[PDB]
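Chains as they are written, first to last, in the numbering used here: chain V, 1 to 174; chain X, 1001 to 1121; chain Z, 2001 to 2108; chain U, 3001 to 3191. Quick reminder that beta carbons are idealized off the backbone N, C-alpha and C, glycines included.
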Amino acid sequence: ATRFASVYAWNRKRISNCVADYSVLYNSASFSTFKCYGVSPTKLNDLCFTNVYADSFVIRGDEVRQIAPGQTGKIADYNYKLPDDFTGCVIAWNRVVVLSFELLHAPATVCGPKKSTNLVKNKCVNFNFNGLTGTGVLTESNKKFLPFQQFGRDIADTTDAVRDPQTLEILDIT
Amino acid sequence: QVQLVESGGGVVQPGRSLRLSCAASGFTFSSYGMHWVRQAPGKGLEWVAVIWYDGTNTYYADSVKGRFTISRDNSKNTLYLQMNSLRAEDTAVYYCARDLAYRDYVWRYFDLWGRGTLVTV
Amino acid sequence: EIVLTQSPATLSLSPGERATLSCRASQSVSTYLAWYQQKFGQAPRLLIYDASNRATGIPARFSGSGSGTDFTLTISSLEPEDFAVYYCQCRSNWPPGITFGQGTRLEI
Amino acid sequence: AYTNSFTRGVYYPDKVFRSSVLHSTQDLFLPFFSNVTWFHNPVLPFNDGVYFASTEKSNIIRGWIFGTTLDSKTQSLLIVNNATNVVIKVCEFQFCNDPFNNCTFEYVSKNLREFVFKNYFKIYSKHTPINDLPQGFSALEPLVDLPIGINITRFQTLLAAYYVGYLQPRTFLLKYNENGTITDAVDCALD
Ligand SMILES: *[C@@H]1O[C@H](CO)[C@@H](O)[C@H](O)[C@H]1NC(C)=O
Ligand SMILES: *[C@@H]1O[C@H](CO)[C@@H](O)[C@H](O)[C@H]1NC(C)=O
Ligand SMILES: *[C@@H]1O[C@H](CO)[C@@H](O)[C@H](O)[C@H]1NC(C)=O
Ligand SMILES: *[C@@H]1O[C@H](CO)[C@@H](O)[C@H](O)[C@H]1NC(C)=O
Ligand SMILES: *[C@@H]1O[C@H](CO)[C@@H](O)[C@H](O)[C@H]1NC(C)=O
Ligand SMILES: *[C@@H]1O[C@H](CO)[C@@H](O)[C@H](O)[C@H]1NC(C)=O
């Protein structure tokens, strides 16, 4: 989206209730700088944060470093956004989005893209169906879960069946 | 003495496997990203693999997708590269290279080249 | 995908004269597309990025022009410090790899 | 006024299918046969959670306000069902003296309507025909789940007969039939 300006009233939004796909933001040709301070970018997209903060502003070719340590000088301490202990990325392209990552009391919403392998039945496997975890053979079931129930539990609290989260079919786990 | 020296040039039949290594020295191995670019005889440079400075994510060119393995062990400050299912085109001068940018994930330029090790099949 | 198309196949000239290579990009490549100078056996070194921006270590004699699908390099006065082979290079988004050209040889 | 709640207010405690089995669970439930305050507007405490039920013909009741101060000064949850759809938003709204700023999200997704509002913020509900608060059993099912982290202590209904009861940390034995529908329940502290 076009037009951008101002750093001191630099505009800022919570990013929340969405899956934060940072994957696309490497692969485009046009980014010239992408960094992280503290943790790797593919290592970012498997954490799970309450509030992803983003903000943007237009700049001149020669750019002063956006502040990792509390960087030192002129506009880089007299106009903005000076996070000494910044566990926060810095993007740029041919114009920057400086990212602060909140981990506050709230239930973490803006969470990794959760990349998903492809179902294999009738053999043995370690499975992770939506955070439910454990080894077994998944086979086609005849059980009829109600629309909102995600996993069947046996009499003695052992998981007996699951709903596959992408095709909403019920698999027994023997 | 900021140089890389390659290692592991040799000959193998098609369908078998090979492993190369590149030694880095004079600079911080675990602070820069690394590439392997291969120069087939009489032809131009063709990127093979890259790694960001902490080896936490890796990309391969299409011609080698799912057939070669790039890895860094900072214990010895040694870069590796395994091979599987090598074919006739794979003959080349494998130049391990070092990335241009300090701690930037763009992975865009090659600022430093190894002398290149022959591999033939 | 981006395929760089390089002309002429070769250049033959005396040193001191004006050397012009052309690289016709397939489709606009935004603000960075590179030129590589490789002497025989040596390690290739960038000369120009952005197609007019003078990279560091580069004497002023090397000049480039273009945007979109016209990209051309000029050298005003050749000396043996420059007499090598030359490539035009870029990176990609559709899937994440890199395209060089085929190369353009220079002759005396 | 007060009404006898009978055995209403039971809901699926979790998202696990269980079948032909009696499962004992402890949760914030409406106690069986407690009496539920009956309103024919005012702000009520929210306490541990609220069971809300209404009987409507013309769908006068539309929504809820939840929070602590219920003016601007803190985040407050506003839930309004209007026309075809539901607007849930948590801005620091400056509320009206009798209704009828900084956001953190905006979620859009004869007639006896039962809801359970409990605190992230969970809404369960059930919609059944009937023709004062019916004696019978049916179970409410989770429909909406809000990751807000808001402190809720007080709430108000946005508009005519509705009932408000309060949930208590009680143990229930829930009976699931073979399709995994809860068909009965025993209130372990009733008698
Ligand atoms: C996810 O995508 C698949 C397409 O392969 C689609 O069939 C499926 O329904 C989608 N997920 C859900 C929960 O519908
Ligand atoms: C209803 O609750 C009130 C609490 O004030 C109590 O006085 C009254 O006896 C209760 N009625 C029944 C039928 O339990
Ligand atoms: C429901 O309410 C929202 C805002 O409160 C409004 O924009 C929307 O149009 C309403 N639904 C319909 C179907 O009009
Ligand atoms: C908006 O509300 C949240 C609630 O926790 C608060 O943390 C945040 O500081 C508020 N916005 C601003 C700009 O302070
Ligand atoms: C919400 O209540 C808790 C105690 O239950 C308290 O610690 C917290 O400070 C309250 N929220 C705010 C924003 O003060
Ligand atoms: C359970 O579900 C099946 C099909 O979903 C239905 O035929 C049956 O009547 C339902 N009730 C019982 C008690 O089985």
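Residue i beta carbon near ligand 6 (any heavy atom closer than 6 Å)
| i | result |
| --- | --- |
| residue 3092(U) | no |
| residue 3178(U) | yes |
| residue 144(V) | yes |
is_contact[residue i, chain V] using C-beta, thresh 7 Å
| i | result |
| --- | --- |
| residue 3017(U) | yes |
| residue 3090(U) | no |
| residue 1053(X) | no |
| residue 3081(U) | no |
| residue 1105(X) | yes |
| residue 3105(U) | yes |
| residue 3141(U) | yes |
| residue 3013(U) | no |
| residue 3067(U) | no |
| residue 3164(U) | no |
Near ligand 5: residue i beta-carbon under 6 Å from a heavy atom
| i | result |
| --- | --- |
| residue 3151(U) | yes |
Residue i Cβ short of 6 Å to ligand 3 heavy atom set
| i | result |
| --- | --- |
| residue 2999(U) | The structure shown does not extend to residue 2999(U), since chain U is modelled only from 3001 through 3191, so no value can be given for it. |
| residue 3059(U) | no |
| residue 1084(X) | no |
| residue 27(V) | no |
| residue 3084(U) | yes |
Own chain residues within Cβ distance below 6 Å of residue i, not counting five before or after
| i | result |
| --- | --- |
| residue 1111(X) | 1100 |
| residue 1042(X) | none |
Cβ of residue i within 7 Å of any chain Z Cβ
| i | result |
| --- | --- |
| residue 1044(X) | yes |
| residue 1036(X) | no |
| residue 178(V) | Beyond the ends of chain V as shown, which are 1 and 174, falls residue 178(V); an answer cannot be given. |
Test: residue i CB closer than 7 Å to a CB of chain X
| i | result |
| --- | --- |
| residue 2103(Z) | yes |
| residue 28(V) | no |
| residue 2043(Z) | yes |
| residue 32(V) | yes |
Proximal residues to residue i (C-beta, below 8 Å), its chain only, five neighbours per side dropped
| i | result |
| --- | --- |
| residue 32(V) | 92, 93 and 94 |
| residue 1106(X) | none |
| residue 2108(Z) | 2012, 2013, 2014, 2015 and 2083 |
| residue 1077(X) | 1023, 1024, 1025, 1029 and 1030 |
Residue i Cβ short of 6 Å to ligand 1 heavy atom set
| i | result |
| --- | --- |
| residue 166(V) | yes |
Contact test: residue i Cβ vs ligand 4 heavy atom, cutoff 6 Å
| i | result |
| --- | --- |
| residue 3102(U) | yes |
Any non-hydrogen atom of ligand 2 closer than 6 Å to residue i Cβ
| i | result |
| --- | --- |
| residue 3047(U) | no |
| residue 3035(U) | yes |
| residue 3002(U) | yes |
Cβ-based neighbour list, residue i, same chain, cut-off 7 Å, excluding 5 preceding and 5 following
| i | result |
| --- | --- |
| residue 2050(Z) | 2031 and 2032 |
| residue 44(V) | 22 and 36 |
| residue 1120(X) | 1011 and 1091 |
Minimum Cβ-Cβ distance from residue i to chain U less than 7 Å
| i | result |
| --- | --- |
| residue 155(V) | yes |
| residue 57(V) | no |
| residue 144(V) | yes |
| residue 66(V) | no |
Distance cut-off 6 Å: residue i Cβ against heavy atoms of ligand 8
| i | result |
| --- | --- |
| residue 3160(U) | No copy of ligand 8 appears in this structure; the ligands present are ligand 1, ligand 2, ligand 3, ligand 4, ligand 5 and ligand 6. |
Quick one, which residues of the region 1056–1072 of chain X are near chain Z if we go by CB-CB under 9 Å, in chain order?
Hits within the stretch, in order: 1059, 1060, 1061, 1062, 1063 and 1065.
Going along the region 97–121 of chain V in order, which residues come within less than 7 Å of chain U, judged by CB to CB distance?
The region 97–121 of chain V vs chain U, Cβ under 7 Å: 105, 106, 107 and 109.
Contact list for the region 2068–2102 of chain Z against chain X, Cβ threshold 7 Å:
Residues 2087, 2091, 2095, 2096, 2097, 2098, 2100 and 2102.
With 9 Å as the limit, tell me which residues of the region 71–82 of chain V have their beta carbon closer than that to any beta carbon of chain X; keep them in chain order.
Shown here is that no member of the region 71–82 of chain V has a Cβ falling below 9 Å from a Cβ of chain X.
Taking Cβ-Cβ distances below 9 Å as the criterion, which residues of the region 2022–2038 of chain Z are in contact with chain V?
If the cut-off is 9 Å between Cβ atoms, the region 2022–2038 of chain Z has 2029, 2030, 2031 and 2032 near chain V.
Pairs of beta-carbons, one from the region 3008–3017 of chain U and one from the region 3115–3129 of chain U, closer than 8 Å: are there three or more?
By the Cβ criterion, the region 3008–3017 of chain U is in contact with the region 3115–3129 of chain U, since at least three pairs of Cβ atoms, one from each stretch, lie closer than 8 Å.
Counting Cβ pairs, one atom from each stretch, are 3 or more of them under 8 Å apart for the region 3024–3044 of chain U and the region 2024–2044 of chain Z?
The region 3024–3044 of chain U, when compared against the region 2024–2044 of chain Z, does not touch it at the 8 Å Cβ threshold.
Between the region 35–51 of chain V and chain Z, which residues of the former have a C-beta closer than 7 Å to a C-beta of the latter?
So nothing in the stretch comes that close.
Taking contact to mean at least 3 C-beta pairs separated by less than 8 Å, is the region 2002–2018 of chain Z in contact with the region 1041–1059 of chain X?
Taking a contact to require three or more Cβ pairs closer than 8 Å, the region 2002–2018 of chain Z and the region 1041–1059 of chain X do not qualify as touching.
Touching or not, the region 66–86 of chain V and the region 112–123 of chain V, by the rule of three or more beta carbon pairs under 8 Å?
No, they do not touch.
Compile a chain-ordered list of the residues in the region 2–21 of chain V whose CB is closer than 7 Å to at least one CB of chain Z.
Within the region 2–21 of chain V, no residue qualifies.
Check distances from the C-beta atoms of the region 3040–3052 of chain U to those of chain V and list, in chain order, the residues that come in under 9 Å.
Here the close residues number zero.
Hey, is the region 3065–3072 of chain U in contact with the region 3176–3187 of chain U, meaning 3+ C-beta pairs nearer than 8 Å?
Counting Cβ pairs under 8 Å, fewer than three are found: no touch.
Near-chain V residues of the region 3177–3190 of chain U - C-beta to any C-beta below 8 Å
Per Cβ criterion, the list reads 3179, 3180 and 3181.
Taking only beta carbons into account, state which residues of the region 3125–3159 of chain U come closer than 8 Å to chain V, listed in chain order.
Answer in chain order: 3141, 3142, 3143, 3147, 3148 and 3149.
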